[PDB]
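To start, the structure itself, in structure tokens.
As structure tokens, this is what we get:
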């Protein structure tokens, strides 16, 4: 080792030399194997081939060692080796392990099963023991936990004036840098106790950095350790940013395609719930101004009838007062299994002018009658009015009443909508209302009722997702197409085909944006899948002079970017009625499939625009870094 | 190693087997040496004997190694070895050092100085290098700091049901113990992760304990490791408790005698201050009812004179009112150097009935006149009344006045009594008083003054301790004898012979009580020193029939225990006038000297009484421990 406090030392951070170490390694189970355990012909001579017993698992002779695992593991040991002089100095069992010693001869048969192994004998290879690996690992782990302080400290240095030029090249007086470091750095650092080691290590890791003055002749070199190799791959090229990058990126896209299993979209006729549906969340709907026409599970009673005074409790009365748009009728007649999470706040609106101000609560009432709502004109009809959701059913001024306001405190109501509880038959309804025991003046409070907040359906039963009111074991995307208005979608239960499809469709979009250059106005060949479907579809031929469409290739191509772009910008549009060309499921199937091939055999898409731009920005960054260092040079021209 | 969770394992704590390890070793500088550094005859052949150069300190060849240090150090290494299987398992550089490897050949001349070394050549011995010891130590330290958690954990076990029978022998089901341990012990312990190791170690340290079931045949043994040896010396014998004990104890007594240097007491004619005096502390005296006759530095003015109105401040007046026992006159006329730390609390006693209640403070006034106090009858006399000690010299009701009380808050006054400030000549006095600016009615407040609290003399000048007012470079113990009343002693300045002597005398006493059996009525031959002086002194012969004293040996012997006992019970009595036989300094010299011989060649004094008693108590302890374990056996009969 060399005196760190010398002259000649380069501070050359380059893109070429992008910091790297070995942070973590691959340890996937799958990856652990290669492969065959070693066996023997009973134990007697060359006869018993029919029979094998495993070698001495007892304390040694195990399987044929994982070529990759050996190679990997040895590498790992080299990390520690990077700090050998320091370990040694710390007296912390430094002695380089030599993995090879552990990898001991195994001689006989190679195979996974006795079966297979019978056939194959492999003389004088190598095994490793459970015990041995135990103790080997033990060591490595220990080594790591000994370095855990060091690593941190090393890192701090490396950031406290960061030697990282990710793009191109920077240079400044290392001396200058170094001395300001030691003028600014916290005394309590390990770096200040161990300058010499840390720097040595740094130099050994960062080819970007050179030793002090060791031979001021030659402080600098071009050959450093292994590092280099890995660095070249992170360094920006003529046509691409990062090779690893784009490769990874694309591979993540694939694997998400993989997991979606594509096919998903091309489903007319029953595709099973379980298969299509992942994980589901609650949704929030309103009474208020929802639309009875559109909303399957939530409609309204109609103006004109008047069911005013109904007994609500023991000799206690409330006017439900049924007429002009009385909140909403929640149609929970076999509408899967949910929890009617009613979230009332704001809305109280005190009775007109009744001293029934006290004792009036926000409530939920289910109505349980074989008399369809439009028939329900008198008390007789009702069968069952069951007040379900009120809890302490009196009242207190929870409304922010001080300043005139009739804001009602946030309540959480629950109605366990389990259709099994009733099992249909007296078809299931529910209403929302400020229900009282203390009798309300019907003549006075002419309003039926105006309990208008939130209704957060909790679709508990992730079992069996609904296709448009139809409680089915089927999710059929392609037929969902063009059969949904925005209103309908919004209205729809959480448990419904539509949202599920969009969730899947959002992953397709994700892929497309990141991988395919459908960014600011770049029409790419990639987009060809949709156009090919469009092109053939447009064969509107009549008699004589058919459709005189100057070939599809400009025309439809541009139209098709436009509509792709609309898909991308909002995925739900796919499900939304009246969308020019996406209404044709063919084109969506075409896109879906299309992409995968496009990833597959795509010659790594690097947008010309973006390249230049990244180049430029990168350069300017470097400039300002230079200028920073310069300022640092100025303020403490370290030696 | 053996399964700990087996049968056959003994739980036999014995006196014989008193836990021990190697907690710390001797590393006294003195002790580091042995000895001669190794040198060479310049470097040429056998001619240059006249000249030596030290061998290669450079990186190796140093001194002849410390025989003791080698032996010691190797032992130390063995501590770590006690945990070798565990170290190894922890992967913590376990590999047993082998000190011997470090101890490398040195061949040539042996000596301390070139001088000495010239004469002595010692071929092919051994050295150790600075560097080497550096790195060796480093290892050992590291080892220790690795075990620091283990040690603790081991200890906890060993106390959580303590296997320590210091006296005799105990036995109980180890199984029982063990299982209750593991049923009660904290999960977070290292003991519960490492059962097998800890137990092994335990067994290796504690011969008192046997392995589980290793061969249930033979789980038990009588040969354990080295331990044993050390244990036998801590084990109680037929005539003594502990051999180490009594040996140590006595040696501590000697060395305190050593440090006192005996001679101290036998000093008539000037023995130098510095020599006799160690470290000194402040003392606390009262005005109040101290006695002018006895108290050198603190006397009183005498009733009848009346110096009432004296100007105290700028056109502001206080009646010092000098007559009937006015506090005290502190005679600080060349009475060494002190800080007159006046500690007033309680005492305020408001003016008789003057609206001069406000503006009256507890103060100190020094009086600086060549007119001796008894001559001081009018204002003219005073020369100087200097109000020294008041600080904010007005007043506030600091007295706990609410409940009628006239308790004055605790004040801290200071008068830097540096006799150099004045250098005698206008002889130095001081008084204590509630001094006012706001004029006090002399006719009214007829009392002179009653400022009676504490006066804590701070004898700052540990230079030159006073013998009875006489500021001398001499401390003469033997002449102090019989020239001090209890009053005088109490009165005496901190800086005075008397207390110093007692402090020394207290160490003699300490020795005597711990070592010599001058406890509950045991007259021992040891006491013979005093009697032999007594015996010869009693030679009261006249004419004819001289003193018919039935020989000294019962008579004087008993009288002399009595008076020894009185000395022991209070050391100061030695300095106190009128003590029958101790008044003779001869006897104190005799005791002083006497003791040392008595320690020296005493056949290790173990009082018969105490032996039996210790035996008995010890046994009964063991009994109840047995009974405890028994209860533990009961509550969880572990396997």
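Chains as they are written, first to last, in my numbering: chain A, 12 to 650; chain B, 12 to 650.
The beta-carbon is built from N, C-alpha and C at its ideal position, and this holds for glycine as well.
Item                                                                                                                                                                                                        : Value
So if DSSP puts residue 400 of chain A in a beta bridge, which residue, or which two residues, is it bridged to?                                                                                            : A/375
Using a Cβ-Cβ cut-off of less than 7 Å, list which residues of the segment 83-105 of chain A approach chain B; keep chain order.                                                                            : 102, 103 and 104
Which runs of the beta strand (DSSP E) fall wholly inside the segment 64-129 of chain A and span at least 3 residues, in chain order?                                                                       : 115-122
Are the segment 593-603 of chain A and the segment 220-233 of chain A touching, with three or more C-beta to C-beta distances below 8 Å?                                                                    : no
Keeping to the same chain, check which residues put their C-beta closer than 6 Å to that of residue 186 of chain A; ignore five residues upstream and five downstream.                                      : 649 and 650
Taking Cβ-Cβ distances shorter than 7 Å, what residues in chain A pair up with residue 153 of chain B?                                                                                                      : 102
If you count every other CB in all the chains shown that lies within 10 Å of the CB of residue 323 of chain A, and 16 or more means buried, which is it?                                                    : buried
Just how far apart, CA to CA, sit residue 642 of chain B and residue 35 of chain B?                                                                                                                         : 37 Å
If the cut-off is 7 Å on Cβ atoms, which residues from the segment 131-157 of chain A count as contacting chain B, listed in chain order?                                                                   : 149, 150 and 153
Check the DSSP bridge columns for residue 324 of chain B and list the partner residues they point to.                                                                                                       : B/327
Measure the alpha-carbon distance for residue 471 of chain B versus residue 431 of chain B and round it to whole angstroms.                                                                                 : 14 Å
Should the segment 150-167 of chain B be regarded as contacting the segment 201-211 of chain B, the criterion being three or more beta carbon pairs within less than 8 Å?                                   : yes
Does DSSP classify residue 617 of chain A as helix, strand or coil?                                                                                                                                         : coil
Tell me whether residue 613 of chain B, by its Cβ, gets closer than 7 Å to a heavy atom of the ligand ADP.                                                                                                  : This structure does not include the ligand ADP; it has no bound ligands of any sort.
Inspect the beta-carbon positions of residue 351 of chain A and residue 446 of chain A and report whether they are closer than 8 Å.                                                                         : no
Taking only runs that begin and end inside the segment 458-482 of chain A, name each unbroken beta strand (DSSP E) of 3 or more residues, in chain order.                                                   : 465-469
Hey, could you find the ends of the beta strand (DSSP E) residue 421 of chain B is sitting in?                                                                                                              : 418-426
Could you compute how far the alpha carbon of residue 172 of chain B sits from the alpha carbon of residue 188 of chain B?                                                                                  : 8 Å
What is the C-beta distance between residue 280 of chain B and residue 483 of chain B, in whole angstroms, given that I count them as a contact (C-beta under 8 Å)?                                         : About 12 Å separates the two Cβ atoms, so there is no contact after all.
How would you label residue 147 of chain B, buried or exposed, when you count the other beta carbons within 10 angstroms and need 16 or more for buried?                                                    : buried
In whole angstroms, what is the alpha-carbon distance linking residue 646 of chain A and residue 156 of chain A?                                                                                            : 38 Å
Identify, in the order they occur along the chain, each residue of the same chain with its Cβ nearer than 8 Å to the Cβ of residue 404 of chain A, setting aside the five sequence neighbours on each side. : 324, 372, 374, 398, 446 and 448
Evaluate the contact criterion for the segment 378-386 of chain A versus the segment 405-420 of chain A: three or more CB pairs, one atom per stretch, below 8 Å.                                           : no
If we call anything under 8 Å between Cβ atoms a contact, is residue 64 of chain A one with residue 53 of chain A?                                                                                          : yes
Out of B/142, B/115 and B/439, state which residue places its alpha-carbon closest to the alpha-carbon of residue 348 of chain B.                                                                           : B/439
Which partner residues does residue 440 of chain B have in the DSSP bridge list?                                                                                                                            : B/378
Bridge partners for residue 363 of chain A per DSSP, in chain order?                                                                                                                                        : According to DSSP, residue 363 of chain A bridges with nothing at all.
Are residue 503 of chain A and residue 468 of chain A closer than 8 Å when you measure CB to CB?                                                                                                            : no
Taking buried to mean at least 16 other C-beta atoms within 10 Å of its own C-beta, is residue 41 of chain A buried or exposed?                                                                             : exposed
Report the option in B/178, B/115, B/90 and B/83 whose CA atom is closest to the CA atom of residue 105 of chain B.                                                                                         : B/90
What are the boundary residues of the beta strand (DSSP E) that residue 136 of chain B is part of?                                                                                                          : 132-138
When you compare only the Cα positions, how much space is there between residue 20 of chain A and residue 214 of chain A?                                                                                   : 10 Å
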